[PDB]
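To start, the structure itself, in structure tokens.
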Amino acid sequence: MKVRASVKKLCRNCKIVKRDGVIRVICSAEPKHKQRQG
Amino acid sequence: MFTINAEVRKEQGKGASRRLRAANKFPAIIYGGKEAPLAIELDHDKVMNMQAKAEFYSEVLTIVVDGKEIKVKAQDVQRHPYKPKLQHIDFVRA
Amino acid sequence: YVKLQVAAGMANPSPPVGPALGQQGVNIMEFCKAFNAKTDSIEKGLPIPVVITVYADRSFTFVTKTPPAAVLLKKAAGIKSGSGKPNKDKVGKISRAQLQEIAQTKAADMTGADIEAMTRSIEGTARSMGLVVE
Amino acid sequence: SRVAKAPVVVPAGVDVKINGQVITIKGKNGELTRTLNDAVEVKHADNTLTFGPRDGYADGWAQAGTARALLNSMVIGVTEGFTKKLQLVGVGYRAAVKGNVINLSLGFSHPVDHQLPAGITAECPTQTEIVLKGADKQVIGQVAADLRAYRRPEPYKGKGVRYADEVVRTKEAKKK
Amino acid sequence: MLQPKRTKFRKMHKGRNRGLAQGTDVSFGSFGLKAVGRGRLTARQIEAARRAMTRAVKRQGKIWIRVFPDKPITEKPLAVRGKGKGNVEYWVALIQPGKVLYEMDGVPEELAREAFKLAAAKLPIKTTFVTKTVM
RNA sequence: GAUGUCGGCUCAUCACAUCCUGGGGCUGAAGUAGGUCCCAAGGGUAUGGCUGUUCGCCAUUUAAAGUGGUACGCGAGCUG
RNA sequence: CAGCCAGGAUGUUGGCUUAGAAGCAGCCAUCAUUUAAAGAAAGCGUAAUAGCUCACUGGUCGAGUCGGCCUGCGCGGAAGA
Ligand SMILES: [K+]
Ligand SMILES: [K+]
Ligand SMILES: [K+]
Ligand SMILES: [K+]
Ligand SMILES: [K+]
Ligand SMILES: [K+]
Ligand SMILES: [K+]
Ligand SMILES: [K+]
Ligand SMILES: [K+]
Ligand SMILES: [K+]
Ligand SMILES: [Mg+2]
Ligand SMILES: [Mg+2]
Ligand SMILES: [Mg+2]
Ligand SMILES: [Mg+2]
Ligand SMILES: [Mg+2]
Ligand SMILES: [Mg+2]
Ligand SMILES: [Mg+2]
Ligand SMILES: [Mg+2]
Ligand SMILES: [Mg+2]
Ligand SMILES: [Mg+2]
Ligand SMILES: [Mg+2]
Ligand SMILES: [Mg+2]
Ligand SMILES: [Mg+2]
Ligand SMILES: [Mg+2]
Ligand SMILES: [Mg+2]
Ligand SMILES: [Mg+2]
Ligand SMILES: [Mg+2]
Ligand SMILES: [Mg+2]
Ligand SMILES: [Zn+2]
């Protein structure tokens, strides 16, 4: 999990989702792309 | 084919002009020929969309004010320093 | 299944042909007997890669492929080497007669409506190598 | 919205009962009840349930869409039910069903005994396969997830408990 | 790193930075990066942004820098208490809203936008992408 | 018209930017062992040689030998 | 628009190089082709081929759909005795 102030789509398979007031990036293709804003 | 509907200005100066631009209009002037200059107000959104076309600055425009049609050419334009907005336009009678 | 560009005349040299189709499961000797009978009438030294529809227990049967085109271009040029970047240096432009002779190889196995169209496909590799028409 | 627009057909032999927000569906496979969100109005009509938003709710269409999806799953559950399949991958990994307890050997120094819920049944065709059956889609999903959690598939050999229709990506150990 | 080759005087009063900018039009190229905020641009910042821009366009097209750091800035060294004005340490350009800072030509608009975004990431002031206007 | 100093000793108390132990995501994570980030302050967290030392270097331990605030905590408590 | 259904072939393993480079280490040609359609090919993957599938063209499905500009209020960024 990457925890950053700037979270972005890193590839065409990344998706932005807001869960419980937190912006996150979830990627079907690459676990390295998982992010959460913080 | 460019037609612009305008009103005659009933108040001039810094305060009135700022109130116009806060009400989403802007002032402009028509001069040239032997007629006295005419100070007008224009609708900012419509004119800003129209002036995006390069032909706005080369064609002969028609300004409808109080029913009368006036043929003019855009002569000068004052733009906002950094917003995509218009402060003022000079029109010269064609 | 390991595939390599197999020679038509040499049977079972270990580096280039042993794993070509003898390790696939094909009878390499019988393939280089039947296809060898074919290459006896085929010209000297034409590597012709056919599509393999074979088995793995010494039973085999093969389909035929058109002889290639890129091998035969370097005959009249006098050079058996290639250029790093064509359209800059060339091995010597060749004749439309030779180009049409090459095109004759791939003319009897096509379904095109007009056969004159494929004169550009044959010169695609000609421009990719340095054989520009006059 | 678009999901909520489509009504759900009630097949013959399926009995619906609407008491305000509480909906009960009865079929040949069982009985399922759900309390719908207060922003949803559901109409039985003529052998087909329709879903819409109630006035005064800002998320009425979203709630109606979820209510439609849930009621459709309920109808499928009471008519044909739901089935889930899990596979065990790895030397020594075994499963066996006794009554309503699944016994798992998954390389631990202790056995795993997983007790099934009220309306879920399990079978083991082979020693490396588990088949779950039930009328509640959410419940069967939860049970399958719990079984997978004992040994989630690992990325170097795919070993563990996996869904049968699950793509398990593997990778090679770093060289040197 | 831009800096005047020579100056009449070594040190300058702090002054202030009020007003709107002069030079608000793309005048030399087709695209521009324009300041929306107010502030100072150090020579190091100007050069960091220039580098970012130029590498983004692969040294194609043409780039103008419309601002020049002609104001010297002094500092007092550490652990010093008065005793005269400090020493000139760096040079800045004063920026007011509307100032076109860089211009580009000879490249597609999408590439110019990308290059300018990379450049703006080096600058302490908010900016916006502008294009040449006929009038 | 006086708010006693560095270090040691005795006694502490809080913060968490966590040294150990607990929980987790990613790894260029095979395993063992690591790297990095997140959560977490419950409890725990060397003895010696040198030097006034704090620090530091060195020897030998430990799961670990945390970082800071508290008049650089603590002389109407001791030393000097 | 989203979803679901079919193919991606011929020269050709283009050429260089390499032990081998085959669309997919790198470099240059980068154009045809039958055609409804295919970049001498987007990564993955193979010692390398095979394989994977994107771009690419439509068949269904029947009402909106996409992403730029300006603007109000809010969200994260946010650790101390
Ligand atoms: K302390
Ligand atoms: K820990
Ligand atoms: K870890
Ligand atoms: K603690
Ligand atoms: K010392
Ligand atoms: K003190
Ligand atoms: K004392
Ligand atoms: K005291
Ligand atoms: K005392
Ligand atoms: K529209
Ligand atoms: Mg939670
Ligand atoms: Mg005033
Ligand atoms: Mg002054
Ligand atoms: Mg000035
Ligand atoms: Mg006193
Ligand atoms: Mg913390
Ligand atoms: Mg841990
Ligand atoms: Mg405590
Ligand atoms: Mg506490
Ligand atoms: Mg407790
Ligand atoms: Mg001694
Ligand atoms: Mg001593
Ligand atoms: Mg003290
Ligand atoms: Mg202390
Ligand atoms: Mg005291
Ligand atoms: Mg003394
Ligand atoms: Mg904020
Ligand atoms: Mg907050
Ligand atoms: Zn991604």
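Convention: chains lettered A, B, ... in structure tokens order; per-chain residue numbering from 1; ligands numbered from 1 as shown.
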- Message: Give me, as a ChimeraX atom specification, the set of residues whose atoms come within 10 Å of any atom of ligand 9, counting only C-alpha atoms (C1' of nucleotides) and all ligand atoms.
- Response: /F:75-78
Could the residues in this selection be saved with N, CA and C atoms (P, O5', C5', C4', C3', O3' and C1' of nucleotides) as a PDB file, in the first residue's frame?
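The resulting selection06.pdb:
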ATOM      1  P     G F  75      17.031  20.643  42.058  1.00  0.00           P
ATOM      2  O5'   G F  75      18.205  19.851  42.803  1.00  0.00           O
ATOM      3  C5'   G F  75      18.044  19.263  44.085  1.00  0.00           C
ATOM      4  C4'   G F  75      19.088  19.753  45.063  1.00  0.00           C
ATOM      5  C3'   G F  75      18.879  21.171  45.573  1.00  0.00           C
ATOM      6  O3'   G F  75      17.983  21.199  46.665  1.00  0.00           O
ATOM      7  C1'   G F  75      21.165  20.836  44.977  1.00  0.00           C
ATOM      8  P     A F  76      16.840  22.317  46.779  1.00  0.00           P
ATOM      9  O5'   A F  76      16.341  22.119  48.275  1.00  0.00           O
ATOM     10  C5'   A F  76      17.240  22.296  49.353  1.00  0.00           C
ATOM     11  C4'   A F  76      16.517  22.782  50.585  1.00  0.00           C
ATOM     12  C3'   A F  76      15.372  21.920  51.083  1.00  0.00           C
ATOM     13  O3'   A F  76      15.821  20.791  51.793  1.00  0.00           O
ATOM     14  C1'   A F  76      14.703  24.162  51.102  1.00  0.00           C
ATOM     15  P     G F  77      14.940  19.453  51.854  1.00  0.00           P
ATOM     16  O5'   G F  77      14.661  19.054  50.335  1.00  0.00           O
ATOM     17  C5'   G F  77      15.715  18.888  49.404  1.00  0.00           C
ATOM     18  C4'   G F  77      16.303  17.506  49.486  1.00  0.00           C
ATOM     19  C3'   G F  77      17.763  17.368  49.085  1.00  0.00           C
ATOM     20  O3'   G F  77      18.642  17.856  50.089  1.00  0.00           O
ATOM     21  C1'   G F  77      16.509  15.580  48.163  1.00  0.00           C
ATOM     22  P     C F  78      20.085  18.463  49.718  1.00  0.00           P
ATOM     23  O5'   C F  78      21.016  17.192  49.569  1.00  0.00           O
ATOM     24  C5'   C F  78      21.238  16.292  50.632  1.00  0.00           C
ATOM     25  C4'   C F  78      22.113  15.152  50.174  1.00  0.00           C
ATOM     26  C3'   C F  78      23.430  15.543  49.505  1.00  0.00           C
ATOM     27  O3'   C F  78      24.461  15.842  50.417  1.00  0.00           O
ATOM     28  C1'   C F  78      22.341  13.959  48.167  1.00  0.00           C
TER      29        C F  78
END
- Would you name the residues within 12 Å of ligand 23, counting only C-alpha atoms (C1' of nucleotides) and all ligand atoms, and put them as a count of residues only? 10
- Mind listing the residues within 12 Å of ligand 11, only C-alpha atoms (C1' of nucleotides) and all ligand atoms counted, as an NGL selection string? (:A and (19-22)) or (:F and (39))
- Query: Quick one: residues within 12 Å of residue C:38, only C-alpha atoms (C1' of nucleotides) counted, chain neighbours fewer than 4 positions away excluded, as a PyMOL selection string?
  - Reply: chain C and resi 8-9+31-34+42-44+46+48+62-65+67
- With a cut-off of 7 Å and counting only C-alpha atoms, select all residues of chain E in contact with chain B and give the selection as a list in words.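 Residues satisfying the distance criterion: residues 24, 36, 97, 98 and 135 of chain E.
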Atoms to include: N, CA, C and O atoms. Write the selected residues as an mmCIF file, in the first residue's frame.
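Output below, filename again-v3.cif:
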data_model
loop_
_atom_site.group_PDB
_atom_site.id
_atom_site.type_symbol
_atom_site.label_atom_id
_atom_site.label_comp_id
_atom_site.auth_asym_id
_atom_site.auth_seq_id
_atom_site.Cartn_x
_atom_site.Cartn_y
_atom_site.Cartn_z
ATOM 1 N N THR E 24 0.975 40.755 -20.722
ATOM 2 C CA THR E 24 0.004 39.708 -20.442
ATOM 3 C C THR E 24 -0.421 38.928 -21.683
ATOM 4 O O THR E 24 -1.337 38.111 -21.595
ATOM 5 N N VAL E 36 -0.899 33.523 -12.252
ATOM 6 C CA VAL E 36 -2.209 33.889 -11.739
ATOM 7 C C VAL E 36 -2.009 34.494 -10.358
ATOM 8 O O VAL E 36 -2.799 35.327 -9.911
ATOM 9 N N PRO E 97 0.006 39.225 -11.005
ATOM 10 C CA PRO E 97 -0.947 38.406 -11.765
ATOM 11 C C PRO E 97 -1.077 38.888 -13.200
ATOM 12 O O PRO E 97 -1.121 40.085 -13.468
ATOM 13 N N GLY E 98 -1.150 37.934 -14.124
ATOM 14 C CA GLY E 98 -1.239 38.232 -15.535
ATOM 15 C C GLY E 98 0.079 38.179 -16.274
ATOM 16 O O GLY E 98 0.086 38.283 -17.500
ATOM 17 N N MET E 135 -6.386 39.380 -31.455
ATOM 18 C CA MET E 135 -6.450 40.758 -30.989
ATOM 19 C C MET E 135 -6.305 40.821 -29.474
ATOM 20 O O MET E 135 -6.926 40.055 -28.741
#
- Message: Could you list, as a PyMOL selection string, every residue within 10 Å of stretch 25-36 of chain A, counting only C-alpha atoms (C1' of nucleotides) and ignoring same-chain residues fewer than 2 positions away?
- Response: (chain A and resi 1-19+22-23+38) or (chain D and resi 169) or (chain F and resi 25-27) or (chain G and resi 76)
What would the file look like if the residues just selected were written as a PDB file, in the first residue's frame with C-alpha atoms (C1' of nucleotides)?
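Saved the output as selection_38.pdb:
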ATOM      1  CA  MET A   1       0.000   0.000   0.000  1.00  0.00           C
ATOM      2  CA  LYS A   2       1.286   3.463  -0.925  1.00  0.00           C
ATOM      3  CA  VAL A   3       0.153   6.197   1.484  1.00  0.00           C
ATOM      4  CA  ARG A   4       0.546   9.609  -0.161  1.00  0.00           C
ATOM      5  CA  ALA A   5      -1.035  13.045  -0.342  1.00  0.00           C
ATOM      6  CA  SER A   6      -1.298  12.741  -4.125  1.00  0.00           C
ATOM      7  CA  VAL A   7      -2.985   9.521  -5.262  1.00  0.00           C
ATOM      8  CA  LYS A   8      -3.599   9.007  -8.987  1.00  0.00           C
ATOM      9  CA  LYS A   9      -4.367   6.366 -11.571  1.00  0.00           C
ATOM     10  CA  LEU A  10      -1.038   4.827 -12.547  1.00  0.00           C
ATOM     11  CA  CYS A  11      -2.300   2.626 -15.399  1.00  0.00           C
ATOM     12  CA  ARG A  12      -5.458   1.893 -17.348  1.00  0.00           C
ATOM     13  CA  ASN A  13      -6.484  -0.733 -14.770  1.00  0.00           C
ATOM     14  CA  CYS A  14      -6.328   1.599 -11.736  1.00  0.00           C
ATOM     15  CA  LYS A  15      -9.668   2.809 -10.343  1.00  0.00           C
ATOM     16  CA  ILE A  16     -10.384   5.623  -7.878  1.00  0.00           C
ATOM     17  CA  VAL A  17     -12.767   4.716  -5.053  1.00  0.00           C
ATOM     18  CA  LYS A  18     -13.813   6.600  -1.914  1.00  0.00           C
ATOM     19  CA  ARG A  19     -14.286   4.337   1.115  1.00  0.00           C
ATOM     20  CA  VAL A  22     -10.758   8.080   2.265  1.00  0.00           C
ATOM     21  CA  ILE A  23      -9.734   8.323  -1.394  1.00  0.00           C
ATOM     22  CA  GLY A  38      -2.977  10.074   3.822  1.00  0.00           C
TER      23      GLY A  38
ATOM     24  CA  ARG D 169      -1.526 -14.911 -10.851  1.00  0.00           C
TER      25      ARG D 169
ATOM     26  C1'   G F  25      -0.075  -3.509   2.842  1.00  0.00           C
ATOM     27  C1'   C F  26       3.825  -3.562  -0.970  1.00  0.00           C
ATOM     28  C1'   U F  27       8.646  -5.985  -2.099  1.00  0.00           C
TER      29        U F  27
ATOM     30  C1'   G G  76      -7.783  14.398   2.238  1.00  0.00           C
TER      31        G G  76
END
- Exercise: residue E:86 partners within 12 Å, only C-alpha atoms (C1' of nucleotides), chain neighbours under 3 positions left out, as a ChimeraX atom specification: /E:10-13,72-78,80-83,89-90
Mind dumping a table of every chain E residue within 10 Å of ligand 14, with the nearest atom pair and its distance in Å to one decimal, using only C-alpha atoms and all ligand atoms, sorted by chain and rising number, as a tab-separated table?
residue	atom	partner	partner_atom_place_in_ligand_line	distance
E:16	CA	ligand 14	1 (Mg)	9.6
E:17	CA	ligand 14	1 (Mg)	7.5
E:18	CA	ligand 14	1 (Mg)	7.3
E:19	CA	ligand 14	1 (Mg)	6.5
E:20	CA	ligand 14	1 (Mg)	7.5
E:21	CA	ligand 14	1 (Mg)	6.7
E:22	CA	ligand 14	1 (Mg)	7.4
E:94	CA	ligand 14	1 (Mg)	8.5
E:95	CA	ligand 14	1 (Mg)	9.0
E:96	CA	ligand 14	1 (Mg)	8.0
- Task: Give as a list in words the residues surrounding ligand 12 up to a distance of 12 Å, considering only C-alpha atoms (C1' of nucleotides) and all ligand atoms.
- Result: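 The residues near ligand 12 are residues 13, 14, 15, 16, 17, 18 and 19 of chain B.
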Based on the selection just made, write N, CA, C and O atoms of those residues as a PDB file, in the first residue's frame.
ATOM      1  N   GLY B  13     -18.213  55.135 -15.477  1.00  0.00           N
ATOM      2  CA  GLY B  13     -17.154  55.252 -14.495  1.00  0.00           C
ATOM      3  C   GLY B  13     -16.815  53.917 -13.850  1.00  0.00           C
ATOM      4  O   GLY B  13     -17.383  52.871 -14.166  1.00  0.00           O
ATOM      5  N   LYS B  14     -15.876  53.996 -12.906  1.00  0.00           N
ATOM      6  CA  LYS B  14     -15.277  52.800 -12.320  1.00  0.00           C
ATOM      7  C   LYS B  14     -16.307  51.968 -11.563  1.00  0.00           C
ATOM      8  O   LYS B  14     -16.391  50.748 -11.747  1.00  0.00           O
ATOM      9  N   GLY B  15     -17.095  52.611 -10.701  1.00  0.00           N
ATOM     10  CA  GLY B  15     -18.060  51.868  -9.905  1.00  0.00           C
ATOM     11  C   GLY B  15     -19.116  51.196 -10.762  1.00  0.00           C
ATOM     12  O   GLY B  15     -19.411  50.009 -10.599  1.00  0.00           O
ATOM     13  N   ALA B  16     -19.678  51.945 -11.711  1.00  0.00           N
ATOM     14  CA  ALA B  16     -20.703  51.382 -12.581  1.00  0.00           C
ATOM     15  C   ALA B  16     -20.143  50.250 -13.431  1.00  0.00           C
ATOM     16  O   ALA B  16     -20.806  49.228 -13.628  1.00  0.00           O
ATOM     17  N   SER B  17     -18.924  50.409 -13.942  1.00  0.00           N
ATOM     18  CA  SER B  17     -18.336  49.363 -14.777  1.00  0.00           C
ATOM     19  C   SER B  17     -18.083  48.091 -13.978  1.00  0.00           C
ATOM     20  O   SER B  17     -18.348  46.978 -14.456  1.00  0.00           O
ATOM     21  N   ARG B  18     -17.575  48.234 -12.751  1.00  0.00           N
ATOM     22  CA  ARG B  18     -17.370  47.056 -11.923  1.00  0.00           C
ATOM     23  C   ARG B  18     -18.697  46.394 -11.572  1.00  0.00           C
ATOM     24  O   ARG B  18     -18.782  45.167 -11.518  1.00  0.00           O
ATOM     25  N   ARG B  19     -19.746  47.186 -11.346  1.00  0.00           N
ATOM     26  CA  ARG B  19     -21.048  46.583 -11.072  1.00  0.00           C
ATOM     27  C   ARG B  19     -21.580  45.827 -12.290  1.00  0.00           C
ATOM     28  O   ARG B  19     -22.178  44.755 -12.150  1.00  0.00           O
TER      29      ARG B  19
END
